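Comments concern the structure below.
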């Protein structure tokens, strides 16, 4: 159960391609989390 940045998820556990699932838009993000 892994998708890309444009994939879309509800939790970070979904991101397996070195992405971070933001709780804002509920979608994976590149460069991991954003500060």
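Numbering (the entry's author numbering), first residue to last: 1 to 35.
Every residue gets a Cβ at the ideal spot worked out from N, C-alpha and C, and that includes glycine.
Buried or exposed: where does residue 2 fall if 16 or more other Cβ atoms within 10 Å of its Cβ makes it buried? Exposed, by the Cβ-count rule.
Give a yes or no on whether the C-beta atoms belonging to residue 35 and residue 21 are separated by under 8 Å. No.
Which same chain residues end up closer than 6 Å to residue 25 when comparing Cβ atoms and leaving out the 5 residues on each side of it in sequence? Excluding residues within five positions, none has a Cβ falling inside 6 Å.
Less than 7 Å separating the Cβ of residue 32 from some heavy atom of the ligand ATP? Annotation note on the ligand ATP: not contained in the displayed structure, which lists no ligands.
Alpha carbon to alpha carbon, how far is residue 5 from residue 30? Give it in angstroms, no decimals. Approximately 6 Å, taken between the alpha carbons.
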